[PDB]
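The structure under discussion appears below in the form of structure tokens.
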Amino acid sequence: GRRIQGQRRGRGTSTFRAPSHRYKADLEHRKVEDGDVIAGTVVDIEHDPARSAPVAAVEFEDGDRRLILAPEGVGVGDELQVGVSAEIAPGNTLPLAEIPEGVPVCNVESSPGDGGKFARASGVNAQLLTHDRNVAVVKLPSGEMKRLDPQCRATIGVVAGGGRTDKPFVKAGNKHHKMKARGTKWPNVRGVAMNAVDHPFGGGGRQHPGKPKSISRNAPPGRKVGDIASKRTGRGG
Amino acid sequence: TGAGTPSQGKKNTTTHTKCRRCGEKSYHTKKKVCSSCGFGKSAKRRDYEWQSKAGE
Amino acid sequence: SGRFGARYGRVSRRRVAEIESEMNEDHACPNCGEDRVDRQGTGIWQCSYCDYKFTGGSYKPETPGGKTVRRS
RNA sequence: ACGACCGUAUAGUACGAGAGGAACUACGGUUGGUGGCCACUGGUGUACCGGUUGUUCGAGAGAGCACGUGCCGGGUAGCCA
RNA sequence: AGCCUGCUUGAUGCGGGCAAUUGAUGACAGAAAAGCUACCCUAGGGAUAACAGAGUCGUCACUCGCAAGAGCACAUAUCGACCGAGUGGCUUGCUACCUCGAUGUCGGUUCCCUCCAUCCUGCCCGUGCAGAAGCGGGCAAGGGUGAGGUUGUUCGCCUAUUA
RNA sequence: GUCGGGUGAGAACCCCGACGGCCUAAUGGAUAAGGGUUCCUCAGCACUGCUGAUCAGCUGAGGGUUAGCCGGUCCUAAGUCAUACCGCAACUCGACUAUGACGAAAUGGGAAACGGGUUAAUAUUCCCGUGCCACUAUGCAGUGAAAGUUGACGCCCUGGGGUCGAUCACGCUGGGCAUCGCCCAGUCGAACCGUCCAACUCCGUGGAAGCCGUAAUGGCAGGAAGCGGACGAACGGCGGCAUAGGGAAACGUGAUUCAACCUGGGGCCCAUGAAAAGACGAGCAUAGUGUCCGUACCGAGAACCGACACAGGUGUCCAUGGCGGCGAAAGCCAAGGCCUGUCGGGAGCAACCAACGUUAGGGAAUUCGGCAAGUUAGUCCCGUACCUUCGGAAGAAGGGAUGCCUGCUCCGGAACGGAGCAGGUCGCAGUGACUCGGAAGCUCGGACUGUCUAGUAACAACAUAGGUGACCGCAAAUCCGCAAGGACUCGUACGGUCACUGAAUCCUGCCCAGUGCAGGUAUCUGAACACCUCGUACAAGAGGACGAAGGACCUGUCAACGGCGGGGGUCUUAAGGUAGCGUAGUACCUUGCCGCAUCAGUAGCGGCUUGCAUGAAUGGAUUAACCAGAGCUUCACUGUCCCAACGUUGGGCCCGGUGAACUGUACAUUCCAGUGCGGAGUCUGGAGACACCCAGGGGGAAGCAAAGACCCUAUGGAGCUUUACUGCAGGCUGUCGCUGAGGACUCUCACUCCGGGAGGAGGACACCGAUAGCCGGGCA
RNA sequence: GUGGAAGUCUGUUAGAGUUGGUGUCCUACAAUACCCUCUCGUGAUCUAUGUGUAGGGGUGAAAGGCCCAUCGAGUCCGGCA
Ligand SMILES: CC(=O)NC[C@H]1CN(c2ccc(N3CCOCC3)c(F)c2)C(=O)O1
Ligand SMILES: [Cl-]
Ligand SMILES: [Cl-]
Ligand SMILES: [Cl-]
Ligand SMILES: [K+]
Ligand SMILES: [Mg+2]
Ligand SMILES: [Mg+2]
Ligand SMILES: [Mg+2]
Ligand SMILES: [Mg+2]
Ligand SMILES: [Mg+2]
Ligand SMILES: [Mg+2]
Ligand SMILES: [Mg+2]
Ligand SMILES: [Mg+2]
Ligand SMILES: [Mg+2]
Ligand SMILES: [Mg+2]
Ligand SMILES: [Mg+2]
Ligand SMILES: [Mg+2]
Ligand SMILES: [Mg+2]
Ligand SMILES: [Mg+2]
Ligand SMILES: [Mg+2]
Ligand SMILES: [Mg+2]
Ligand SMILES: [Mg+2]
Ligand SMILES: [Mg+2]
Ligand SMILES: [Mg+2]
Ligand SMILES: [Mg+2]
Ligand SMILES: [Mg+2]
Ligand SMILES: [Mg+2]
Ligand SMILES: [Mg+2]
Ligand SMILES: [Mg+2]
Ligand SMILES: [Mg+2]
Ligand SMILES: [Mg+2]
Ligand SMILES: [Mg+2]
Ligand SMILES: [Mg+2]
Ligand SMILES: [Mg+2]
Ligand SMILES: [Mg+2]
Ligand SMILES: [Mg+2]
Ligand SMILES: [Mg+2]
Ligand SMILES: [Mg+2]
Ligand SMILES: [Mg+2]
Ligand SMILES: [Mg+2]
Ligand SMILES: [Mg+2]
Ligand SMILES: [Mg+2]
Ligand SMILES: [Mg+2]
Ligand code: NA
Ligand code: NA
Ligand code: NA
Ligand code: NA
Ligand code: NA
Ligand code: NA
Ligand code: NA
Ligand code: NA
Ligand code: NA
Ligand code: NA
Ligand code: NA
Ligand code: NA
Ligand code: NA
Ligand code: NA
Ligand code: NA
Ligand code: NA
Ligand SMILES: [Sr+2]
Ligand SMILES: [Sr+2]
Ligand SMILES: [Sr+2]
Ligand SMILES: [Sr+2]
Ligand SMILES: [Sr+2]
Ligand SMILES: [Sr+2]
Ligand SMILES: [Sr+2]
Ligand SMILES: [Sr+2]
Ligand SMILES: [Sr+2]
Ligand SMILES: [Sr+2]
Ligand SMILES: [Sr+2]
Ligand SMILES: [Sr+2]
Ligand SMILES: [Sr+2]
Ligand SMILES: [Sr+2]
Ligand SMILES: [Sr+2]
Ligand SMILES: [Sr+2]
Ligand SMILES: [Sr+2]
Ligand SMILES: [Sr+2]
Ligand SMILES: [Sr+2]
Ligand SMILES: [Sr+2]
Ligand SMILES: [Sr+2]
Ligand SMILES: [Sr+2]
Ligand SMILES: [Sr+2]
Ligand SMILES: [Sr+2]
Ligand SMILES: [Sr+2]
Ligand SMILES: [Sr+2]
Ligand SMILES: [Sr+2]
Ligand SMILES: [Sr+2]
Ligand SMILES: [Sr+2]
Ligand SMILES: [Sr+2]
Ligand SMILES: [Sr+2]
Ligand SMILES: [Sr+2]
Ligand SMILES: [Sr+2]
Ligand SMILES: [Sr+2]
Ligand SMILES: [Sr+2]
Ligand SMILES: [Sr+2]
Ligand SMILES: [Sr+2]
Ligand SMILES: [Sr+2]
Ligand SMILES: [Sr+2]
Ligand SMILES: [Sr+2]
Ligand SMILES: [Sr+2]
Ligand SMILES: [Sr+2]
Ligand SMILES: [Sr+2]
Ligand SMILES: [Sr+2]
Ligand SMILES: [Sr+2]
Ligand SMILES: [Sr+2]
Ligand SMILES: [Sr+2]
């Protein structure tokens with residue numbers, strides 16, 4: 001047959017790539033020698049093309065001007081701090097250790113210094129539950145209890161732009177514009193609507209998948225389609 | 001719109017041009033590669049054994 | 001959702017209404033206390049009175065979870 | 001290159017208890033087919049004459065263009081049914 | 001079961017062979033083997049089908065012989081079983097003779113010629129022919145056999161006219 | 001096109017005049033690509049040109065393109081390449097990371113030029129006049145100098161400033177017309193230098209508790225109006241430029257509406273609308289330098305692509321010429337262009353054909369079907385049903401009005417803007433042409449806008465928002481690469497990947513037996529290495545012990561593939577079809593039965609319904625709006641029909657010139673029968689038949705065009721499928737190497753990841769190399 | 001009343017497309033053309049140039065569509081007589 005769409009993606013051609021040349025900044029926690037003294041002033045709020053959420057421009061004491069993953073409630077003029085001794089207020093970054101338990105956190109690092117990996121999407125937030133001298137237990141937006149090095153930096157508060165998902169797109173044209181700002185091929189043609197040569201579900205006098213949709217974890221690319229290694233399906237039970 | 005005559009009208013793009021190295025009008029000015037001698041692609045001269053019958 | 005005419009159906013435009021209705025109400029500025037906050041774009045709000053530009057929800061200047069941070 | 005039908009007189013007669021109800025023959029007409037013709041009626045008639053919209057020739061007069069007449073009304077010859 | 005033999009040579013291991021028995025190929029004189037294509041492609045075949053032609057004529061249509069029977073009585077005004085004998089070539093089936101380097105489909109339409117097993121018209125015979133209207137039969141192909149509703153329909157069903 | 005004339009050996013088509021026409025977003029003007037001399041002159045007609053030719057994009061020979069201030073050149077965009085590094089058996093191959101370079105000629109950014117004149121052909125390039133920019137040198141000034149500003153930016157609505165154009169008023173200059181007094185043209189004048197400044201922002205004064213302001217939003221004791229001031233715009237005004245230039249002459253003044261250009265206010269985003277060089281910041285005089293490349297012409301119904309001088313295709317700007325009107329619409333007309341969408345002559349000009357006008361009475365009877373044609377139509381007033389998601393349906397439907405002339409009213413600053421009134425009056429007809437909906441109802445489908453088979457399918461098919469399920473915490477899930485590496489990803493669960501369903505509304509039942517996926521698993525089964533036994537002086541080999549994933553077995557799961565019958569008052573094989581809907585786009589029987597409607601209805605709609613063989617995200621039911629989607633009915637209308645006629649234009653027919661192709665075994669004036677491989681112009685028997693030519697519609701030549709695409713055959717091909725055969729990738733899992741210290745455990749030193757580094761996390765695992773078992777139409 | 005939203009409506013504005021005529025053409029003007037009708041025309045819009053993705057691979061709102069008159073696996077030459 002022919003390579004299915006999922007396989008064209010991998011080649012990374014223009015159609016599947018993200019409009020990077022159009023993206024603003026790589027919202028990473030600043031690197032501080034130590035001491036925490038580092039503080040800056042929010043100079044402006046901006047739109048982040050890559051996350052459909054607002055992002056804050058900050059001017060740091062030592063001259064550095066960098067965009068920041070802004071939590072909800074940050075406004076121009078406000079003063080933010082990054083360091084072990086940073087005050088415990090929204091918009092401030094410090095290691096999970098210095099953070100009091102029971103406080104909403106965002107843009108959590110996976111390993112100390114990476115710059116933040118978790119909870120960065122619109123209106124989401126991690127929850128710092130347990131502390132320790134060895135492990136910091138954080139509840140991620142997915143509900144999972146993640147164990148992280150207490151040295152992993154994070155920002156206090158939830159991410160800005162919450163509720164974005166509440167409003168329906170209403171029309172194809174609205175999806176269209178968003179999609180044009182992401183690394184995604186859209187619209188999507190159903191597998192079952194294609195020819196047998198283009199997809200494992202193609203063919204047939206009438207549209208219907210050929211075999212069952214739950215495919216094995218070991219299936220090769222080109223065949224792994226439908227419900228991948230489903231532990232179950234449906235809504236029943 | 002037909003693939004034939006009506007679609008031949010839009011052809012005013014220049015691609016293959018006189019090649020600096022070999023003299024043939026095969027230097028693709030967009031690719032900057034000569035389809036005849038390989039100029040732009042190879043220091044060596046484009047050449048293939050299939051350009052002649054196997055035993056000759 | 002009247003610009004949507006007889007298209008899309010109830011729910012889709014019923015929500016667009018409530019959402020945009022709460023979105024355009026005059027909001028009490030966090031800086032001063034005036035109800036003069038207007039959205040400038042996605043998640044971006046500004047007070048026409050004192051010019052305080054700040055981040056908030058996508059369609060509301062404050063979200064449930066946002067209001068939680070303050071507490072704890 | 002003529003085929004067929006209806007109607008009237010025959011006759012409310014012959015026949016028949018009655019109900020009902022013919023024919024020969026002589027007439028008038030209709031229909032289908034056929035050939036021809038245009039006085040009559042009808043169609044056409046970008047011959048022609050008139051009305052009138054827009055625009056151009058300054059107005060007027062008189063005209064062009066608007067598809068092979070701008071549009072509308074009338075219509076001779078001829079050709080037609 | 002006995003014997004022959006293995007690369008310089010001896011020993012051992014483990015092989016190679018002469019004769020034969022047993023193990024299966026049932027597509028049974030032995031390949032190890034599932035489908036779709038209307039997206040299709042090539043070679044060819046009238047060596048082989050679909051239209052049509054041709055042969056046949058069970059089928060079909062029509063006829064005749066015999067005439068049980070009924071027809072209030074009365075075979076033969078009329079209807080007419082069984083069985084028997086035929087004609088046609090409109091239906092259908094059979095065949096594979098013609099054509100696969102091509103004989104374009106059904107229905108309709110338009111236009112022309114024809115057949116008679118006659119629906120009307122002309123002339124007749126019988127009647128279970130009073131008359132009128134019928135029913136059945138004979139000669140006869142000059143002319144006529146029209147308009148409409150459903151359906152692609154042919155066919156057919158239905159409507160109002162009609163000789 | 002026509003009449004005259006010119007040139008010439010020769011003139012329908014080469015040129016002049018007149019008369020008649022054609023083109024108005026183009027048939028005019030400037031250009032991009034592309035072409036490449038096609039441009040200009042002279043001389044020609046063998047070639048090319050749909051006829052002719054004295055003509056030409058043709059032939060021959062000469063000539064023509066002039067730049068500091070127009071492009072290139074310079075900058076960077078998506079992105080490309082080169083070198084280095086790494087991979088690869090290898091390279092002209094390959095991804096990343098560095099460096100460098102490349103990448104925009106109309107149409108991204110960008111130092112600077114205008115007016116006139118001149119040539120056969122160039123022209124912001126030459127010449128004349130005037131101006132400007134950059135660099136450098138000299139001199140005076142200046143110590144400032146890099147912070148910042150600019151370059152530099154989306155979509156929708158809109159105010160203000162304002163030029164050209166157009167129009168109105170009056171004057172001047174010139175022309176036209178000649179029953180009036182009208183009608184047309186002109187009335188000019190740049191870059192540049194100087195100056196003026198609305199809006200925005202800000203300051204002082206002031207002191208509003210209700211005022212200020214807008215087309216609209218809006219503004220204010222955190223200080224409104226008013227007043228004064230700072231900063232501050234035009235390709236704009238004004239003065240110079242200019243006893244420059246241009247004009248035969250006059251060589252105007254005001255106004256309105258105002259493209260360009262300038263400057264503001266508002267609204268929208270699950271969309272956020274480049275960068276870099278450069279400029280400004282940062283004075284003036286004088287002088288010198290400013291090289292290199294492009295520059296003709298066409299830009300299309302003859303200069304480009306399509307084999308052609310091809311009715312096709314082909315980007316940009318002129319979008320403000322007059323009347324008209326809502327208008328960048330029609331129609332008519334200027335400026336400008338053309339008679340080359342390039343063969344002519346003749347016949348009242350027949351048949352027949354292409355386009356088309358008009359047809360009495362009937363009015364869809366025509367046809368599969370109203371196909372084709374027609375009907376309606378612009379604007380204002382009145383009025384408007386079912387249904388509905390309350391938006392819509394709706395221009396529903398239906399009714400009335402509509403010109404001209406005279407005198408006026410109202411809105412507005414006014415328009416050469418708009419809305420009305422009174423009176424008079426013409427026609428068959430006042431949206432008089434042109435422009436310009438036919439309307440209504442029922443049913444099916446898909447919610448809607450949107451997509452598609454370039455070249456027979458526009459649909460009910462694809463998409464879509466919405467609904468749902470699946471995978472994954474990021475050293476992830478999914479995917480590409482042999483590798484080095486890479487997409488997703490400047491992304492992180494409100495994410496994005498993989499699938500199904502397909503707006504809204506009411507809903508979405510039962511089944512886990514089979515198959516799929518997933519989890520678990522005492523016991524069973526389960527490979528290789530190592531280990532143990534036998535065997536062999538060793539080895540082959542036989543067997544044992546241990547046992548990973550996987551399987552057996554158990555469980556979960558149907559918005560996972562799918563299933564929801566026969567029989568009786570359970571059986572196969574898990575369950576046995578629930579809400580709904582139903583003769584369906586699914587119903588074989590079938591034109592089912594009843595009703596509606598018609599003279600008559602295999603249609604259509606409503607009801608019934610045992611459903612050959614409906615049914616719930618293989619989604620069910622239903623549904624407003626939408627639709628070049630399928631079917632049905634009504635009103636209106638009509639040459640679709642009854643049944644055809646006459647007319648218009650171009651052909652056809654005759655004449656001059658030009659001048660192919662298809663096709664051809666031979667013979668050939670046939671017809672009726674027969675015969676024959678059963679479908680004969682050619683055989684047989686008869687009949688008929690003097691030769692040739694013109695026009696015609698096409699009966700035959702099983703007419704011409706294509707080695708039938710249907711069917712079958714071939715130990716033919718290809719695309720596709722799968723629990724066909726055989727293999728190959730890939731995933732999981734064990735084992736050996738890397739690999740180290742002290743049936744479960746700790747550590748650190750390799751190795752991996754995070755961190756700028758210090759160091760942190762992990763750790764003999766993982767990655768990688770080798771091999772073994774399982775899965776494996778993803779691929780051959 | 002103001003305001004002026006909309007994958008909103010009318011529209012041969014430009015521009016894009018193509019329902020029917022099964023019209024004309026079918027040795028064509030044309031190896032996909034001509035005319036009338038018809039659809040879209042502020043947006044998932046249309047369009048120019050530049051740039052990227054390459055053959056069991058692309059690209060595909062999916063028609064086995066498209067990748068230079070070529071596609072159920074392009075073209076060229078070679079294998080090859
Ligand atoms: C065009 C062509 O194939 N020409 C060659 C031959 C075959 N043929 C023919 C055969 C079957 C059929 N059909 C008719 C309908 O049923 C299916 C077969 C047919 F129409 C015509 C014919 O006449 O000449
Ligand atoms: Cl999304
Ligand atoms: Cl240029
Ligand atoms: Cl304003
Ligand atoms: K045949
Ligand atoms: Mg970031
Ligand atoms: Mg994209
Ligand atoms: Mg889809
Ligand atoms: Mg399909
Ligand atoms: Mg497949
Ligand atoms: Mg579906
Ligand atoms: Mg389905
Ligand atoms: Mg044995
Ligand atoms: Mg045999
Ligand atoms: Mg035998
Ligand atoms: Mg073949
Ligand atoms: Mg045969
Ligand atoms: Mg007889
Ligand atoms: Mg006769
Ligand atoms: Mg000359
Ligand atoms: Mg010139
Ligand atoms: Mg021409
Ligand atoms: Mg009539
Ligand atoms: Mg009929
Ligand atoms: Mg029609
Ligand atoms: Mg007034
Ligand atoms: Mg139906
Ligand atoms: Mg649709
Ligand atoms: Mg097509
Ligand atoms: Mg369509
Ligand atoms: Mg669908
Ligand atoms: Mg969603
Ligand atoms: Mg969905
Ligand atoms: Mg979804
Ligand atoms: Mg029914
Ligand atoms: Mg024939
Ligand atoms: Mg053949
Ligand atoms: Mg076949
Ligand atoms: Mg095969
Ligand atoms: Mg790293
Ligand atoms: Mg295969
Ligand atoms: Mg492009
Ligand atoms: Mg198909
Ligand atoms: Na017989
Ligand atoms: Na007769
Ligand atoms: Na009938
Ligand atoms: Na000529
Ligand atoms: Na000025
Ligand atoms: Na006008
Ligand atoms: Na639309
Ligand atoms: Na099951
Ligand atoms: Na079912
Ligand atoms: Na449509
Ligand atoms: Na007619
Ligand atoms: Na003939
Ligand atoms: Na194939
Ligand atoms: Na309102
Ligand atoms: Na069309
Ligand atoms: Na290929
Ligand atoms: Sr990052
Ligand atoms: Sr980083
Ligand atoms: Sr399928
Ligand atoms: Sr359930
Ligand atoms: Sr082009
Ligand atoms: Sr190269
Ligand atoms: Sr070589
Ligand atoms: Sr009588
Ligand atoms: Sr009587
Ligand atoms: Sr005329
Ligand atoms: Sr009219
Ligand atoms: Sr099968
Ligand atoms: Sr099919
Ligand atoms: Sr058979
Ligand atoms: Sr006879
Ligand atoms: Sr008779
Ligand atoms: Sr028949
Ligand atoms: Sr029947
Ligand atoms: Sr001559
Ligand atoms: Sr010339
Ligand atoms: Sr460059
Ligand atoms: Sr430019
Ligand atoms: Sr625009
Ligand atoms: Sr104005
Ligand atoms: Sr020029
Ligand atoms: Sr031009
Ligand atoms: Sr053209
Ligand atoms: Sr075309
Ligand atoms: Sr003119
Ligand atoms: Sr000529
Ligand atoms: Sr008339
Ligand atoms: Sr009809
Ligand atoms: Sr009818
Ligand atoms: Sr009306
Ligand atoms: Sr298309
Ligand atoms: Sr729904
Ligand atoms: Sr199961
Ligand atoms: Sr039931
Ligand atoms: Sr539905
Ligand atoms: Sr003829
Ligand atoms: Sr629209
Ligand atoms: Sr429209
Ligand atoms: Sr058609
Ligand atoms: Sr027509
Ligand atoms: Sr054609
Ligand atoms: Sr508009
Ligand atoms: Sr070959």
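Here's how to read the names in the structure tokens: chain A, B, ... by the order shown, residue numbers from 1 in each chain, ligand numbers from 1 in the order shown.
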
Give me the residues within 9 Å of residue G:58 as a PDB file with N, CA and C atoms (P, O5', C5', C4', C3', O3' and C1' of nucleotides), in the first residue's frame, counting only C-alpha atoms (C1' of nucleotides) and dropping any in the same chain fewer than 5 places off.
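Result file follows (selection-v6.pdb):
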```pdb
ATOM      1  N   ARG A   8       3.702  10.203   7.125  1.00  0.00           N
ATOM      2  CA  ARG A   8       4.166  11.353   6.357  1.00  0.00           C
ATOM      3  C   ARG A   8       4.674  12.376   7.381  1.00  0.00           C
TER       4      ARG A   8
ATOM      5  P     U G  53      13.026  20.019  -0.584  1.00  0.00           P
ATOM      6  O5'   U G  53      11.787  19.051  -0.333  1.00  0.00           O
ATOM      7  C5'   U G  53      11.485  18.564   0.978  1.00  0.00           C
ATOM      8  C4'   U G  53      10.201  17.780   0.950  1.00  0.00           C
ATOM      9  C3'   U G  53      10.108  16.756  -0.164  1.00  0.00           C
ATOM     10  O3'   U G  53      10.750  15.546   0.192  1.00  0.00           O
ATOM     11  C1'   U G  53       8.101  18.004  -0.067  1.00  0.00           C
ATOM     12  P     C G  67      -0.700  14.940 -12.756  1.00  0.00           P
ATOM     13  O5'   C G  67       0.624  15.142 -11.907  1.00  0.00           O
ATOM     14  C5'   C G  67       1.106  16.449 -11.619  1.00  0.00           C
ATOM     15  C4'   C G  67       2.348  16.364 -10.781  1.00  0.00           C
ATOM     16  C3'   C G  67       3.450  15.455 -11.300  1.00  0.00           C
ATOM     17  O3'   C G  67       4.255  16.109 -12.257  1.00  0.00           O
ATOM     18  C1'   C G  67       3.129  15.084  -8.996  1.00  0.00           C
TER      19        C G  67
END
```

Please identify every residue of chain C that has at least one atom no more than 7 Å from any atom of chain F, counting only C-alpha atoms (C1' of nucleotides), and report them as a PDB file with C-alpha atoms, in the first residue's frame.
```
ATOM      1  CA  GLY C   2     -27.275  37.228  16.671  1.00  0.00           C
ATOM      2  CA  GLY C   5     -28.163  34.101  12.306  1.00  0.00           C
ATOM      3  CA  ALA C   6     -30.080  30.794  12.178  1.00  0.00           C
ATOM      4  CA  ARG C   7     -26.791  28.859  11.985  1.00  0.00           C
ATOM      5  CA  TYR C   8     -24.952  26.582  14.443  1.00  0.00           C
ATOM      6  CA  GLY C   9     -27.830  25.780  16.785  1.00  0.00           C
ATOM      7  CA  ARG C  10     -28.819  26.599  20.379  1.00  0.00           C
ATOM      8  CA  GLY C  41      -6.989  39.889  23.425  1.00  0.00           C
TER       9      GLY C  41
END
```

Exercise for the section: Check which residues fall inside 8 Å of ligand 12 when counting only C-alpha atoms (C1' of nucleotides) and all ligand atoms, and print them as a PyMOL selection string. Expected result: (chain A and resi 192+206-209) or (chain F and resi 618)

The selected residues should be written to file as a PDB file, in the first residue's frame (atoms: C-alpha atoms (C1' of nucleotides)).
```
ATOM      1  CA  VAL A 192     -12.581   4.521   6.927  1.00  0.00           C
ATOM      2  CA  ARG A 206     -19.766   0.809   2.789  1.00  0.00           C
ATOM      3  CA  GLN A 207     -17.617   2.535   5.382  1.00  0.00           C
ATOM      4  CA  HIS A 208     -16.547   0.489   8.374  1.00  0.00           C
ATOM      5  CA  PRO A 209     -13.207  -0.576   9.804  1.00  0.00           C
TER       6      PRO A 209
ATOM      7  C1'   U F 618     -21.995   0.038  12.060  1.00  0.00           C
TER       8        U F 618
END
```

Give the residue list for ligand 75 at 12 Å, counting only C-alpha atoms (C1' of nucleotides) and all ligand atoms, as a PDB file with C-alpha atoms (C1' of nucleotides), in the first residue's frame, sorted by chain and then by residue number.
```
ATOM      1  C1'   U E 118     -59.978  -9.998 -40.122  1.00  0.00           C
ATOM      2  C1'   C E 119     -60.950  -5.632 -34.966  1.00  0.00           C
ATOM      3  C1'   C E 120     -64.132  -2.042 -38.312  1.00  0.00           C
ATOM      4  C1'   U E 121     -66.090  -1.241 -43.172  1.00  0.00           C
ATOM      5  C1'   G E 122     -68.539  -4.458 -48.120  1.00  0.00           C
ATOM      6  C1'   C E 123     -71.159  -9.114 -49.487  1.00  0.00           C
ATOM      7  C1'   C E 124     -72.938 -13.605 -47.308  1.00  0.00           C
ATOM      8  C1'   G E 138     -67.914 -17.889 -44.751  1.00  0.00           C
ATOM      9  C1'   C E 139     -65.598 -14.617 -48.788  1.00  0.00           C
ATOM     10  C1'   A E 140     -62.457 -10.557 -48.372  1.00  0.00           C
ATOM     11  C1'   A E 163     -67.447   2.269 -37.383  1.00  0.00           C
TER      12        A E 163
END
```

Handout entry: 10 Å shell around ligand 61 using only C-alpha atoms (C1' of nucleotides) and all ligand atoms, listed as a ChimeraX atom specification
Key = /A:26-31,113-116 /F:755

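Excluding residue A:146 itself and any same-chain residue fewer than 2 positions from it, the protein and nucleic acid residues within 9 Å of it, counting only C-alpha atoms (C1' of nucleotides), are residues 136, 137, 138, 139, 140, 144 and 148 of chain A; 473 of chain F.
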
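When only C-alpha atoms (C1' of nucleotides) and all ligand atoms are used to measure the gap to ligand 86, the shortest distance among F:302, F:251, F:476, F:368 belongs to F:302.
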
Exercise for the section: Could the residues that lie within 6 Å of ligand 56, counting only C-alpha atoms (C1' of nucleotides) and all ligand atoms, be listed as number ranges by chain? Expected result: E: 40; F: 718-719; G: 72

Exercise for the section: Mind checking which residues fall within 10 Å of stretch 8-25 of chain D, counting only C-alpha atoms (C1' of nucleotides), ignoring those fewer than 3 positions away in the same chain, and posting them as a ChimeraX atom specification? Expected result: /D:28 /E:130-132

Expected file: the selected residues, C-alpha atoms (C1' of nucleotides), as a PDB file, in the first residue's frame:
```pdb
ATOM      1  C1'   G D  28     -78.260  17.361 -45.795  1.00  0.00           C
TER       2        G D  28
ATOM      3  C1'   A E 130     -90.388 -11.816 -34.414  1.00  0.00           C
ATOM      4  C1'   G E 131     -88.140  -6.790 -34.377  1.00  0.00           C
ATOM      5  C1'   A E 132     -84.035  -4.092 -32.425  1.00  0.00           C
TER       6        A E 132
END
```

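The residues sitting within 8 Å of ligand 91, with only C-alpha atoms (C1' of nucleotides) and all ligand atoms considered, come out as residues 364, 366, 367 and 370 of chain F.
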